[PDB]
Every structure is written in C-alpha cells, then in structure tokens.
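In: Need coordinates for the following:
(chains A, B, C, D, E, F, G, H, I and J, ligands or ions: 9)
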Amino acid sequence: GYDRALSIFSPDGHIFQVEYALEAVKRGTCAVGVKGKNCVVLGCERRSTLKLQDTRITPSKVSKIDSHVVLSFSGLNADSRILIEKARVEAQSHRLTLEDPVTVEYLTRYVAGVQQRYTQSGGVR
Amino acid sequence: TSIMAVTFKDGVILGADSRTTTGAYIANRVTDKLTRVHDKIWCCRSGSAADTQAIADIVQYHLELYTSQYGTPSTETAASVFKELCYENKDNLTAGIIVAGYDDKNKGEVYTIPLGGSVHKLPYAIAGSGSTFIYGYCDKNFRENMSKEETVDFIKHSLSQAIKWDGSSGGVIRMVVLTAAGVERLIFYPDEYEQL
Amino acid sequence: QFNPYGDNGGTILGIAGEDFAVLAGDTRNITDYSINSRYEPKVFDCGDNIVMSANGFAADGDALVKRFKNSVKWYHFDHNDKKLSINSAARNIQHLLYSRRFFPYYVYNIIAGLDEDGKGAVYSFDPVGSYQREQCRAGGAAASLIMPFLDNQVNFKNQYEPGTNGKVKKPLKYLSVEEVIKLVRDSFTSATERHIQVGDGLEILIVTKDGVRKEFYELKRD
Amino acid sequence: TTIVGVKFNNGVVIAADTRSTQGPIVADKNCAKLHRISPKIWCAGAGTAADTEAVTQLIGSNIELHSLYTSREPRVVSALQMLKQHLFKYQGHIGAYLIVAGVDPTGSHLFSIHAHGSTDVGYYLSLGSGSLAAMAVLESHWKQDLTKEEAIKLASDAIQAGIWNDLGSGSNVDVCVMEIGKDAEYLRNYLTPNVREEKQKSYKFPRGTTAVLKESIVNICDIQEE
Amino acid sequence: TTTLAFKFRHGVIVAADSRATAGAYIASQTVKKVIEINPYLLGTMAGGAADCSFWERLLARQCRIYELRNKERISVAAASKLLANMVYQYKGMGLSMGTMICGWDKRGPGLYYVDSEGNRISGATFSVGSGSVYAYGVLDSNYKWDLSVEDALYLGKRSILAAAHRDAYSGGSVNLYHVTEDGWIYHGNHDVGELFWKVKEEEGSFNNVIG
Amino acid sequence: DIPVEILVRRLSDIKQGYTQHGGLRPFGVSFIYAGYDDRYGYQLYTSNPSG
Amino acid sequence: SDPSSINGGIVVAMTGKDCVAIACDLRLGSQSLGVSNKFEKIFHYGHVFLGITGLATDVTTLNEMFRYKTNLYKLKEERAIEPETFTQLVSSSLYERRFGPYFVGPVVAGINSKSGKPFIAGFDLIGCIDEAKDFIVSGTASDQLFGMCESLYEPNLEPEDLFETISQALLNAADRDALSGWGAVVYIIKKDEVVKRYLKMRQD
Amino acid sequence: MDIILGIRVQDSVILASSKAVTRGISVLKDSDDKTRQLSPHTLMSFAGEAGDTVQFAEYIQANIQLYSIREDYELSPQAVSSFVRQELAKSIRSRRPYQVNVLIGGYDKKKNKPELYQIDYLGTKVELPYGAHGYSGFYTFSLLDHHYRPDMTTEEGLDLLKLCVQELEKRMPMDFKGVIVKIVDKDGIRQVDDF
Amino acid sequence: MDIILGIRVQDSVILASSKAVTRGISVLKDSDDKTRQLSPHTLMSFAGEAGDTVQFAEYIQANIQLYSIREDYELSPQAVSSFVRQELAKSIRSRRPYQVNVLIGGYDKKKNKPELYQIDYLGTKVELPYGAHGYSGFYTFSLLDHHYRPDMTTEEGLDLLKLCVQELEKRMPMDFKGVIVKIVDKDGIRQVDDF
Amino acid sequence: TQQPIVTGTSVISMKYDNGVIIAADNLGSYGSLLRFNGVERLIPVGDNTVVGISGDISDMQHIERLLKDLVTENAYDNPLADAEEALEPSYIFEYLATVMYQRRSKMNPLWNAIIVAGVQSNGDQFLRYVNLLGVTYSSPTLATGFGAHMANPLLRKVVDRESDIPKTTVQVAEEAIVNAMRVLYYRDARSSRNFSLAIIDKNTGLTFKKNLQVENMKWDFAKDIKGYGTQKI
Ligand SMILES: *[C@@](C)(CO)[C@](*)(O)[C@H](CC(C)C)NC(=O)[C@H](Cc1ccccc1)NC(=O)[C@H](CC(C)C)NC(=O)[C@H](CCc1ccccc1)NC(=O)CN1CCOCC1
Ligand SMILES: *[C@@](C)(CO)[C@](*)(O)[C@H](CC(C)C)NC(=O)[C@H](Cc1ccccc1)NC(=O)[C@H](CC(C)C)NC(=O)[C@H](CCc1ccccc1)NC(=O)CN1CCOCC1
Ligand SMILES: *[C@@](C)(CO)[C@](*)(O)[C@H](CC(C)C)NC(=O)[C@H](Cc1ccccc1)NC(=O)[C@H](CC(C)C)NC(=O)[C@H](CCc1ccccc1)NC(=O)CN1CCOCC1
Ligand SMILES: [Cl-]
Ligand SMILES: [Mg+2]
Ligand SMILES: [Mg+2]
Ligand SMILES: [Mg+2]
Ligand SMILES: [Mg+2]
Ligand SMILES: [Mg+2]
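Out: Numbers count the residues shown, from 1 in each chain, chains lettered A, B, ... in the order given. Ligands and ions are numbered 1, 2, ... in the order given. Here you go:
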C-alpha cells in the first residue's frame, strides 16, 4: 500500500499540507452561521459565474446529517461529500448502538476527528 | 497389495504383485506398483493408489530438483523426503511405502515407511495386506549377501505364497533389479509361480 | 444388520371396462442395477375369474398371491363351491395384509375381475390392507408416470368441449377393450423410456364373462 | 454410465453409452459423454455429470493455452497429469471418473482416471456402472495387434453389454477414433439399437379442449422509437 | 386429510374430503373416509387409511353382536369406548388413527372424538386431519345450535372446501352425511374443482383467486 | 432503475478518491451525463477529475 | 427439510414446428400450506425464456442474477443474448457454486433469432446441461410430467396444437402432485410474437 | 416470537402483532411491540428467534433511514421489501443466519396504493392482500379467504382482524396476550390504542 | 393434561383442574372434567399422558366401587390413597407404565377431617395441606406458603384459589382455559358452577 | 441376525437345448483370506438335480444336510423312489425356497444365494434362483454375486431369450460357462482357479466334473505396462 508521509513538519514547526488545505477553504464560496434565541440560520454563497445551471438537481450547499442536525461547508466540494457520508453513517450508528440521536457536539467531534486523522496518516492528504 | 524389497551381494531387488481392488472387484490386474523416483532409486507402493501416486510424483519432483543442484541423491535422502510427506500429512494419507536404491558407496539399501510416517532401515522389507501371511516364511529363508538368482527365487517364492492366501493380492509378479550393471525389469506369470 | 426387505422393481396397471377388466404388468425382475429375469410373470389367474398381482418385494408378493390362491381353494371347500365375488376377495385380502400390520408385506397389490352385475372391477391395496375400488389404477415403480396419463385418457380430466371454453366438460364415454389395450401399451412404452426398472416385456390379462385371456408384447431391453 | 477405451495397431478408440439418470428416472436419452480436450485428445466420463464436463472443459482450456505457449501439439500425459492433480486436490468430492485417450507426437495413449486422483495404464479399460459387463466382453475378446476395424467392433460390443445388462446404461453408442497421422473421427450415434416403436394412438387434442382465463401479448422487443 | 362433524338441533352433520396421499404423490382421490357402521352410526377416518379402515370395520362387527345379544342398538358412547379400548392395547406400537363416532341414540345426537394416542372426548364440534386447522375457522365463526339442515349441510361443505383449498394434502371431493333419529342420510359426492368455482361466484369468496 | 444523481455521485466519489489517497494519477476524463428517472425527470450532469 | 420440495412447483418446455412453448404452475407454499397463487416461475431476458423450479428464494435470486448478467452482456455485445449462449451462462453460474449450490431446476426455452431454430434445455442444480429435441421437465411432479410428455408429445406440432399438448401435460401432472397447482401459465413463442395464456384449473 | 398478521385494504395496510415475550415456562412481558418504522409510510413487523429479530429489524431500519437522509427521498415499499429480501437471502448462506420472518406494510405515495409484502427467513418474498407467519395463517387464512374484499374500508379490515384474533384465542394452545395493531396509510403510521 | 391443584381447609378439600385438552397445535376441548368420583366422599383429579389418565382413573374408580358394594362400607381416603399408590408403584416397573399424576381429596367421616394426598406416576405419596402437579406448583406454592391457614373457611380457600389461578393466567405461556372447581366435605362432593 | 464368516463366491449356470449346466469354484474365503481351497459348492440331489450354493459355508453345510435328509425321507414307504416318485428339481427348489423365506421371516436367515439346476420328468429344463430374503426368479441364464455382473452378460450373448435355447448345444454352452469362470478369476478378488462343473442332460444324465482349472489365460501383455502414466522404464 501507498504509505508516503505527505503531511509532515517543516523546520519552523508548520505542517504545510494542512496550511495549504486552509487555502483551498479560502478559495471556496462563503458560508455563514448565526444562532438566535430559539433557532440557527445557515447562509451560503452561490457564485454566479455558473448560469444555465439546473438548480433542482445541483448538489445543495447545506446537507442534513440527521433530522435534527445540518452541515454546511467551504472548500473542495468533492472532499465535503466524503465527510458528509461518514457523518451520516456515524449518526445512524450512534442511534443504533446507544438508542439516542447524536448531540451536535458529538457529531462535530467525530467529523473533526476524521479531519485530524487525515493530517497524520500515511498516503493521504 | 503384496510388496517387498531385498538387499543382496550385488545390490537390491524390489518385488510386487499387480492387483488393485475396489472392494472385491479387481479394477486392474496388471498394475505396476514398482515406481521410479530416480535412476537407481525406486519404491514399492501400498495403500491408497491416489495417495501413493501423488506422493511418488512429488518425491520424483524433489529429487529431480535436488539432482540439478547437488548431484545424485542418496537412498537415505529419498527415504527422508517420502517420510516428510507421509509424516506431516499422516491425518489425510493412507500410504505404506518401501524405498529401495543402489549407490556405489553404500551399495543396496532398503527403507520401509509404514502408515505413521516412521522410517526403518532394513536388510529386507515386506509390506501390504498380503505380507502378513509370509512373515514366518521370509524370516526363516532370508540370508544376507545372497546371489541375484537366490534373491529372485526368494522373492518369487515369498510373493507366490502372499498371492496364494491374500485375495487383495494377485496377477503377475513384477520385479526390478538395482545393481551397478544397471536396471533390469523382470516379470513372472501365474503358470510359473503358482506351481512352486 | 440384516434387512429383511428388498426392491425387485416392476410396475402394474389395472383398467376396468363396462363388461371387462385388464390387469397388466411388466415382466422384468431386478435388484439395484442388475437384471434377474427379463421374463418373470407377475400377474396371475387366481381362479373364480379373478386376476391378481402383488409385487415390490418379490418374496412378499409371491407369498401373498400364494396365500390368496389358498384362500380361494378353502372358500370352495367351506362354502359348497360358491364363487368368490371380487368384493369378497378384496375384503379377504385386507385381512391377509393386516395380519402382518407389525411386519408388513412390502408390496403394491391390485386385483381385477367382474362384479356381481357383470361390470368390470379393479381394486387397489396398500401394503397394510387399505383398499379401494377404482376405474383406473397403476402401481409400482412407474405408477406416478402412468396415473396422470390415465386420468386424462380414461376419465377425461381437464378436458373440456371446444367452443364452450371450460364451461362444459368432455362427456364420460366408456372405452372398448381394444381402446384400453392401446392405452396400456402406450403407458408401458412411455414408462420404459423414462424408468430404468421398467422394460423387457409386457403381459396383459383380460377378464370377461367368457374367462381369462392373455396377451404379451415386447418392450425395450436397455 | 458405461464407457470403454481400446488400443489398436496405429491408434486408440473410446466409446460410451448415452443415458443420464436421476435416481431411477432417465433425464436424457441421448447424452454426449465423449468430450474433446484437444483436437486429438478425447475423454469419456462417468459419475457426476456436471463434474465430468466442468473438469474436462477446464483442463481442455488450459491445454489449449499450453499448446499456444509452447508452440507444440498437446500431449495426453499433460492432460492426464493436470486432471489427476486437480481431482486429487478436491479429495474425491469432484465425482469425475474418466477414460483419457489420444494421439500426439509421442504416439498413441490410453489412460483411466478416478475421482480421488489415481491413474492407470492399459490396452483396454472400462469405467462406470456397466464397467463389469463391458470388461467381461473385453477380457473374452481382446487380443494383441488389433486392427482399427476390430477395435471399433470390440469397443461398441463392450458398450452394448452395458446397455443391455446394466440399468444405469442405455440408448445409443458413441465412438471416437484417434489414429496416428490422421484427424480424429467423432462418430456420434455410431449405433442406434433402441429406437422407440410407433405409438398405437395419436394424442393430439381438438383445439379448444383446454380451459383458458386470460390472454395477452408479451412484449419481447425493446423500447420503440417515436 | 380433512374431516369434520358437529351436533346441532336437527342431528349431526358429518363431512370429509376424499384425498389419499403417499408423500407428495396423490395416490387416490376417491376415498370414502366416512364408514357406515349401522343405519344410525357413522365413523370418520384420518391418518393411517389401513388402520382406520380395519379397526372401524372390526368395531362395526362388535356393534352388531351387541344388537343381537341385547336386542338394543349400541349407544354412541359405548361404541366409541369399544374402539378406544381396542386401540389402547396397541398404544406406542405405531397405530395412526383420528376418528369421530357420530350417531343418534337414546340421549339424542352423540359425537365422540377417538384417537390412537388414547383420547376419547365428547363434544358438539370436531375436526381432525392435516386440514382441520383451516376448517375450524369457518365452523367456529358460523356455528349455531339453531341451524337449519340446509344451512348446516352447507357449513360442513364450505368448511372442507376452505381446508381443501389451503391444505396440499386435502382435496378431491366432499362427502356429506346428515344423521337424524330415523338414521343417517347421504347427501352426495361434490368435486372440489367444480364446487370451488361455484362457491366463489355465488358467495363472492376467494377474491384473491382468478376465474 | 438507479436514479441519475446516485450513479453520478458514485462515479464522482471514485474520481475524488484518486485525488486524496493511493498515490496514483487521477482519471483524465470529464463526463456529461444525460439521463431520466421518475423523480426529477430529464437531467444533465457533469463530472471532472476533481470528483 | 428437503430444499427442493419445500415451496413446490413445476416447469415444462416443448418444441414444435418453428415454435417453442414453456409453462409453469403458480403455486408457492410452505410445505402443506399454500401461500401464493401468483408466483410465476417463468422469466425472460429479451427473447430468451427461463423457467426455474425449486427453492423460491433461489428462484427469485437467480432471476435477478441473470437479469443483471444479460443486461451487461447486451451493453457490451450490442445485441440480445441467444438461447445457446444463455444456456452456457446458466451452467457456468451454477457450477461456480458447486459446493454450496442453488437448489433449483432451471429450464431454458427460445428461438435463435438468426438461424430461427427452436431451442430448449434443462439443468440440474449444479449446472449439467440436458439439451433435448422434444421436451424438458422440472419440479416436484417431474415424474408425472415425464409420463405425460413421453406419451402425449409428437414432433413438428403447430403452435395452436402445441399449446393444447403442453397445457394438458402440465394440468394432469399438477393434479397428481400435492405441491403443484393453484393456477398455471403457458407461453407460446414464435420468432417474432409471444402469447401468454392463463389456464383454468382446480384450486385444491 | 409468535403471531404476526397483515391485511391490505382499499386505502391502508393493517399489521397485528402479538404482545407476549416468553423465556421457557415464563411470560417475561405482555406489552411488546414487534415492529419498527422503517420510514414515515413503511412499517415492518417481525418474528423469529430471540436477538436475531430485533438485531435484524434495527439493522434494516438504520439502512433505510440512512438512504432517506442521503437522498432526501422516501423509498417505495417495493424497493424496501426488495432490499430486505436480499439481506435475508444473503443471510441464509452465512455462518449463522438471521432466524427472522417479516411483514412489510407500506403506503406508496407515488401510486397512491397500500402494499403488503411477506418475507420469510430464507428470503422468500410475496406481495399479498393478506398474510401471516408461523402457525398464525393456519387458523386465520380460512376467514380471510372467506371475508376479504379489496374494496374494504379500514374499519371493515379491523372487524375482520378481530374475528381472526378471536379464532386464534379459541384454538391456539399458547396465550400470546392479545395484539398491538397499527395502520399504515397516506397520512402515515398510527396505533389503534383500543383492541 | 396440564394444571391440577388441591387445597385442604378446615372442613373440606378443594380441587381445581384445568379444562383444556390439546392435540398438537389445536385445542380440542375447553370444558374437560379431569376428575372421577371414587366414592361419595372421595374425589380424584388426574393429569398425564393421553389415554393413560382416563384408563387409570376409571380402573381405580371401578376397584373402589367394587370394594364399596362387597363390604357395604366406604373406604377411608387414606386407604384409597394407599391402594392407588401401590397400583402406580406396581405400574412403574411394568412393560408400559401409566404416565399419570393424581390428587386424592376426601373427607374422612370417622375422624371428621378433610384429607388431601398427592401421588405422582412413580408411586410417590405425600399427605399435604395443599399440593399441585407438573409446572402448576412452581407458580402457586409461593402464594399458598404465604396465605394458607389450616383454620380457613371454604370461602377463604376459594378466594386463595382464585389468586393462584390469576397468577397462572398471567405467567404461564399456555392457555389452559380456566378451571373446574369441586369441593369435598361431610355432605359429599359438589361443583362450583361459577368460577 | 448374523454376519457371514466363511464364504463362497459366484455360482453360474445356463440352459441349453437338452439340459442345464452349472458351475462354481472350490474356495471358502475368510474375509480377504483365501482360507479353504478344497470346498465343493455344487451338491447333487439324485441323478437329475444339482444345487449350487454361494454365501455362508456353515449355512451351506446345513442345507447340504437338509437335502441329504430329504432324499432319505422321500424313500420312506415309497416303492417308486427311484422312478415315478423320485425327487424332482421343482420339489427340491420349492422346499428350499420355503425354508429360506421362513428363516428371513424369523429375522434369522440362511446367508446364501442358491441356484437349483436340473431336468424334470418330462424332459423340461429347470433353473431357478433363491436367496436369503426368499426372493425367487428364473431365467435362461442365472448367476450369483459377481457372476450376476460379469457372467450373465457373456451367457446372455449365447441365450438372450427363450427361443435361443433349442439353438444352443452342450459344447457351446460349456464353452461359455468355462470362459465366464476365467473372466471371474481375472476380476473377482475372492475367486479361485480351481472349480467344479456339472451338466444335467435329459439324454446322457448327470455328468459331474471335478478338479477343473482355468486355462488359456492372457497375461503376456503385462510386460509392456510400465508405471501409472509418465514413467517409461
Ligand atoms: C493392496 C490392494 C492392499 O494394500 C495394495 O496396497 C494396493 C496398492 C496399489 C494399487 C497402490 N491398493 C489398492 O488397490 C487400493 C486398496 C485400497 C482401497 C481403499 C483405500 C485404500 C486402499 N485400492 C484403491 O486405492 C482403489 C483404486 C481405484 C479403484 C483405482 N481405490 C479405491 O478403492 C477408492 C479409494 C477411496 C478411498 C477410500 C478411503 C481412503 C482413501 C481412498 N475407493 C472407492 O472407490 C470406494 N469404493 C467404491 C464403493 O465401494 C467401496 C469402495
Ligand atoms: C451412468 C448413466 C450412471 O452411472 C453415468 O455415470 C452418467 C454419467 C454421464 C451422464 C456424465 N451419470 C449420470 O447420469 C449421473 C448419475 C449420478 C447421479 C447422482 C450422483 C452422481 C451420479 N447423473 C447426474 O449427475 C445427474 C445429471 C442430470 C440428470 C442432468 N445429476 C443429478 O442427478 C443431480 C446430482 C447432483 C449432484 C450434486 C452433488 C454431488 C453429486 C451429485 N441430482 C439432482 O439434480 C437431484 N435433485 C433434483 C431436484 O433438485 C435437487 C437435486
Ligand atoms: C389426509 C389425506 C393426509 O393426512 C388423510 O389423513 C388421509 C386419511 C385417509 C386416506 C383415510 N391419510 C392418508 O392419505 C395417509 C397418510 C398416511 C400415510 C402413511 C401413514 C399414515 C398416514 N395415507 C395412507 O395411509 C396411504 C394410503 C395409500 C396411498 C392408499 N398409505 C400408504 O402410504 C401406505 C401405508 C403404509 C404403511 C402404514 C403403516 C405401516 C406400514 C406401512 N404406504 C405405502 O404404500 C408405501 N409408500 C408408497 C409411496 O412411496 C413411499 C412408500
Ligand atoms: Cl497404482
Ligand atoms: Mg490372490
Ligand atoms: Mg427401461
Ligand atoms: Mg395439486
Ligand atoms: Mg389442497
Ligand atoms: Mg413467505
């Protein structure tokens, strides 16, 4: 198997591959989250460079992870699908093993853990 | 089966009957149970026909590969390869094999390998279902350093009796002579050996 | 362990007409994949215009027939040479079979003849004496091959009259002896093709008021 | 099944019956038991029908690839060796009992092979349920230095013995002759001694005899244009 | 098999199919599973055809010698008990019988269930055989005491049909009987093939089946 | 029959995998998917080597 | 216990003059219990027809499997599969489960679109091919069907005549089997038209 | 577990399942719900060996709920029943098969039709107007064969179900402690609290 | 058969026996009386294998009735129970033993005392204030151990019996179709027609 | 119920134009051990019948005694014991068949397969088989054990049906029997070279041949057979 260490430290104590991943996020369309007293609103930018688009079928920016939790993102679109799929699987796995839906804090901790794992595993970016 | 191998002055002689059975039906009456694993290292096969063929084929492969690298193998070496197969696969095999060969240094040697996979070096050996009936005869009549003609008669007479009493033995008596002179095949038909 | 039973193969067939009856059976005797005899009679004239065939385990079939023939003999002695009716024979055979309820005769059994009104009769027996009068019955190795064919060609089952489309059945017209013997030969020729225990020969016994007549036809020997 | 193999002067011949059973029932009256491994290597099979086919198709496929790789015509000993090692590995669970014969650059050959992986050499061989009936004939009539015509006769006579005397065998006789320096001739239905006689009656029904409930056209065609 | 019988105001209804089986093979379809012991006594058969036939025919002969010695027709209870004691001797030996002894005597209509296991039970409604479980649904749901002879005959017929449809080892034809104080009355042989379609149309039942 | 988007997502996920792990070159292919299903009707999609 | 006789059912196929016919019963059971009277056992992949008897779960599974394989065959080959070729695919697929087989008795029927030759074939549960000229039978009443077909069948029958022969073979065999019946279907197949007829039979 | 029934009427599917759980000679519970909601318009009842039943149902439930979230779309009852069958047909040749029989009752919102599927542990699927698993159908099918019409109302379906249960309670030797009844229609799934 | 109970109170013996007869998966009857009057002041209930039960009870009944006629005298419950035990102890080493368990409830007119005997199929006899056969005692003995007094009235004995039956109906998986109750006292044997 | 200990293998027989022939080898096997080499398994009864027996030898010796006693008993108060009221093959067979079926019905069989060969008073050929189960059948050729599998096919090539019997001479029939005995020696692992043969002709009477040997055997081709496949030396 491909075991190459892609995410590594540099002399100044930086992991460039992780920092370059943040540059991909900087390029991505804007996403915003605001929580009120009894609600949360997620706003997302759609770049108008792409017209002739079919808005019915185009992947929406906000994704439901479960019936009570949503996830929006900024950065590489293809990468986001992998995290969303994993999060959705974990959400059902939690309901299945513990008989409660995930807390928002738990789901976040899982997704964040997946992201971290890809910063010190061989052969992956 | 009825198989035997006997050492003598000039080398060693292998002997066998030619019957293979399926219950009481004789599936083949002209079987060759004397099989060659090297130029002057042969074996007598008893037990499962499938198992003993599979084993002998693997051994012939091992000794062919041995020869290509290290030259002519000893009869002891051939017996060791047989043993290793018969011992390590003892749960799944039913094979009673006698290994016989001629060196110029060691001359005639005989090794018998029964069911368990143990090895026993002997002056002569008998095996197969029909061997039971000639333990007494062979013990009484065997001598060391016999002539070729004496040894042929000893095997002929021994297998004649084994065939006479054992239903699982019969047909012709095949023999293979292993000496410095070369390899000689002999055959003896019922009309010859029954009247002994 | 000793197994007192065996299977000698064979197949039999009884068909009742309006004023006649036939009892047919192949002449082949077997054990496993071997043929014992290509011609070993299996259907017998037992007297009083009654024909009988009991087989499966040949030794038990031979004994049952032998006993029933004996029963007919003693029926004459004990009741002033009175003729044993087919219905009386059937009931007698039940009691011969059930006398060994706990060590059965391993056989299929069929008798045929004429009833007391002169009409054709066929009775069928299971190994322990359950019997039934029927119009058509096959027994033995290839019984399952033949019976459906007879349901169709003797009782006109699943056959309706064209034009009506399933509203009106095919009427139950009686069959002649010549028409019946054709069904018998076709039944056994078909069974010989697909069953290995059936073949060699076919012996038919026809029963009328005039008596008992025989007919023999060859079958394939493979 | 009954199958045989007989050597002769300049080649070898094999033969087989054409019955396949399922208990006491005959499933196929004209089964083909002679299989082609390579153009001049044929084998006859007894036992589990699917196994004799599958094992033959497999070794024949590998023999073809071997022949292409080596730029040589395949040998009978190669087919023999590949078969026995395959069967031995499955410890008898693949119920194929075969008679393998053929001609190659080495000459003409005749072998038998059992399900557990044992092979035998001979001038005449027989396998299957009818092997005893066939071997009785072979032991009575075989001689050294047979001609092609004598060997075909002996072989078909041996199969007939099985057809008539064994319930597991029947119908027709298939033959394949493999002579040195010639094309192999596959004689399908060489003998046909078991044709069914004419039926006494025709059972063709009047149209309208069967009761019907519904009728409908079945669309087998693809989705249409326009 | 499927057999049933039930007591009611105007006597006792007895009904049965006619199928006989040897594994999956239907050996016969013209079997009489109701045996006439006397003009006032009926017996049903289920399980071993040979067993049921032999012992119930032997019982009918016991019931006849009873009438000769005693100048009196045997009771349903006594008849059922003679059978029960007869089969009890051979208990554990392999007998397979499931029977109902139906009749009319001094105490009125009588109905006893008797089997080879040893049971002997008096009751107003029974059904024995592989298809009994299907028949019980129709009986229990529609059974009264104040049932007309016409409606009672139909109920027993419809109950066998229900079982004959579902149970693979039940079918052929329906045999009906009605037992009065003047004796039993045969009410015909009814082919299930024809009866099924008739009932489907007239009643509206078996909507799932197409015809 | 598979909904169009589900098929498209699957192929696009395969393309994505080659950009994140394995150390292999991506597929140098861009697709235009034309399809129909009973949910969204007629649909056009595109995918590129990024997934 | 016997997987091949739990659910019950039968299939029969016949050749005629420039035509073939394949028929089946509609019963699905759990031993003695009848569960469905609409369980059709005949499927088609283009112009090739497949009847399957035996364990119902394996019947359903194999249909879905051959639909899968024939749909791919068509996409790659750019043509519908033929009966001779499909017959080899069925055999291959069954033998790959040699030591854990599907408990089925398949029957192939169809007409080669190029040569116009009628074709039928039968298999055992592990893949052995029985390519017959006259007829093929399968199911719990296979003995009964062999008896009916072997006596009623005659070669070179016309479609409307063949229909009556195969229908009577099925119906009368099914009526001597406890585990077969509850309806029946017959497919009459010609080179470019296929008719499907439901038969009226006893529902017991 | 013991008895599970199903009946498809004009505009709905009704599932009746027994309440008893039994370990040997003792009734552990008399109010057990042998059903899982797979989706808002699809309900699955189940019965078989202890553990296998609930493990399988909840596994199916999780898979369908995952599909619903991923696509933001409810699978048809036919699609669900086919998924379940494949899982059971896959299971039967595994090292230790799930010993579970199920009924799937659903309302297809696209076709505006109720649908009932019966699937046994072997993976044997059949669409039915009414069905049952185990020894249940033996007692109930004769009544359903008699009384059932496809144009029945939900109320008529419940009355016919009461008749089926009354017969079970009379002729079954085992006490199954009554049934929980649930109706699946266009508006979703609801429980009949008085039966 | 299934459940047979017995309780000896101050002045009487109460026997409660189930009504169900079962053949496989079907309840044949729901009003079976599993008892025989051996004498005017002695009642025997029974349960075991089909046939054996009734054959044995009626055989005992015939023997005691024969004794009564011959001597013009009623045997004591103790004497009857001893006779029954011997017949069962004789039976257990026979070719085919009677597979029957019994309770004998009687009022001894000499001592003016009720008596209850429990005898199993092996011939194991025990005199008790209350007893049960099969799986019955497993559910009922804890209540009887708690509530029973020897100075109880017949009415108090019946109320305690209702409590025992209520527990059986809750925790036993098998439906035994209620019980027939009979009281044995100085005035003879009578049946409680409402229970 | 028992198991056979010392056993005798095939008995073969066939009809020809004027009588019957029957043959059997002289071996008494003890499992795979060929224990007893001088065992006569053909037993004449008078000058018109020969009973050939296979299977358990202790049961054979019992049957042999029953037959010897049968002759003694038939002569009792019978002036025509050597004439009209002599024992017939059909009488001898039915007696044995009665005994065999009775013994199997008591679950204590005589572990044998028997062929009764002879010629009747009217010159008709008699040939019938009976075994431990009481199963009986008749045919132009009959054989027990291995003979049923190997001998019958060869003998049926001479007499395939009833109409072939008059066309078959004693020289042809004997030749066929002797050949079959050779084949059984090639192929039956519980057979011997030494055998006995008996001919019962309606003209020349009973001819009983002892100490016959299988001769004209083919073994020479064995020298050319080497190995089991690939071996050349
Ligand atoms: C003498 C016979 C005894 O020691 C010799 O040893 C010869 C040796 C030569 C041939 C190598 N041995 C045999 O002939 C040998 C005897 C034997 C039999 C069974 C097991 C072990 C040894 N015979 C065979 O191996 C035959 C050869 C076939 C006919 C070509 N094979 C069988 O008999 C096969 C073997 C299957 C088997 C069973 C148990 C262990 C290993 C393998 N058996 C069968 O085909 C079954 N057969 C058919 C049904 O009736 C039962 C016997
Ligand atoms: C002679 C005719 C008999 O000895 C030959 O040996 C021929 C050989 C030719 C055809 C290659 N042998 C057979 O015909 C052979 C006999 C046989 C039967 C059973 C076991 C071994 C040998 N017959 C078969 O192999 C048939 C071929 C069919 C009719 C096309 N197959 C079966 O009978 C299969 C057996 C499959 C099997 C699986 C695993 C191990 C061994 C065999 N049996 C069935 O299909 C029966 N059943 C039908 C209902 O579905 C479930 C299975
Ligand atoms: C329904 C139809 C089935 O449950 C009914 O219960 C009917 C009752 C009617 C017939 C009175 N019962 C049967 O059909 C009954 C089922 C059965 C079978 C065997 C034992 C008990 C119950 N069938 C029979 O009794 C058949 C009737 C024949 C087909 C006319 N009889 C047999 O199967 C016989 C009897 C065997 C037997 C019983 C007791 C001791 C020894 C033997 N058996 C055979 O004929 C042998 N059988 C042939 C088919 O191939 C397998 C071997
Ligand atoms: Cl070998
Ligand atoms: Mg010998
Ligand atoms: Mg035949
Ligand atoms: Mg049917
Ligand atoms: Mg039915
Ligand atoms: Mg199901």
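
In: Counting neighbours, what do you get for the residue of chain J at minimum distance from ligand 5?
Out: When distances are taken as CB to the ion, chain J reaches nearest to ligand 5 at residue J:34, 6.1 Å away. No exception for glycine: its C-beta is placed from N, CA and C like everyone else's. When counting by other CB atoms under 10 Å in any protein chain shown, one arrives at 22 neighbours for residue J:34.

In: before we move on, what about residue J:129?
Out: 25.

In: That one contacts residue J:112, correct?
Out: No - contact between residue J:129 and residue J:112 fails when scored by CB atoms under 8 Å: they sit 11.0 Å apart.

In: and chain E, which residues reach ligand 3?
Out: In this structure, chain E approaches ligand 3 at residues E:1, E:19-23, E:27-28, E:31, E:33, E:45-50, E:52, E:96, E:129-130, E:169-170, judged by CB under 6 Å from any ligand atom.

In: Does the lengthiest helix in chain E reach chain I?
Out: For chain E, the longest helix by residue count, based on DSSP state H, is helix E:49-70. No - Helix E:49-70 stays out of contact with chain I when judged by CB under 8 Å from any CB of the partner chain, the minimum separation being 14.9 Å.

In: Leaving out sequence neighbours, find the closest residue to residue E:189.
Out: Counting by CB to CB, 6 or more residues apart in numbering or on different chains, residue E:189 lies nearest to residue E:173, which is 5.2 Å off, once chain neighbours are set aside.

In: Residue C:156 too?
Out: In space, residue C:156 comes closest to residue C:170 once its chain neighbours are excluded; the distance is 4.2 Å by CB to CB, 6+ apart.

In: how many neighbours does the closest residue to residue C:11 other than its chain neighbours have?
Out: Using CB to CB, 6+ apart and skipping the chain neighbours, the partner closest in space to residue C:11 is residue C:140 (3.7 Å). As a burial measure, the neighbour count of residue C:140 was computed by other CB under 10 Å and equals 26.

In: how about the helices in the chain?
Out: No chain specified, so I'll use chain A. A:16-27, A:77-98, A:104-117.

In: that's the other chain; I wanted chain G
Out: According to DSSP H, chain G carries its helices in the segments G:56-77, G:83-95, G:142-152, G:159-174.

In: can you redo those helices as a markdown table with distance to ligand 9 and mean neighbour count?
Out: Formatted as a markdown table, the helices of chain G follow (distance: least, CB to the ion, whole Å; neighbours: other CB atoms under 10 Å in any protein chain shown):
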| stretch | distance to ligand 9 | mean neighbour count |
| --- | --- | --- |
| helix G:56-77 | 8 | 17 |
| helix G:83-95 | 24 | 19 |
| helix G:142-152 | 24 | 28 |
| helix G:159-174 | 21 | 25 |
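
In: The residue of chain J closest to ligand 5 and residue B:167 touch, don't they?
Out: Yes - shown here, residue J:34 and residue B:167 form a contact pair, counting by CB under 8 Å, at 5.6 Å.

In: Can you work out which residues contact both of the two?
Out: In the contact map built from CB atoms under 8 Å, 6 or more residues apart in numbering or on different chains, the residues linked to both residue J:34 and residue B:167 are residue J:190.

In: And for the residue in chain A that ligand 3 sits nearest to, the neighbour number?
Out: Of all residues in chain A, the one sitting closest to ligand 3 is residue A:96 (46.8 Å; CB to the nearest ligand atom). The local packing of residue A:96 (other CB under 10 Å) involves 15 other residues.

In: Could you pull up phi and psi at residue C:87?
Out: For residue C:87, the backbone dihedrals (degrees, to the nearest 10) come out as phi -70, psi -30.

In: Residue C:113 is in contact with that one, correct?
Out: No - between residue C:87 and residue C:113 no contact is recorded; they are 9.7 Å apart, counting by CB under 8 Å.

In: I am finished for the moment; much appreciated.
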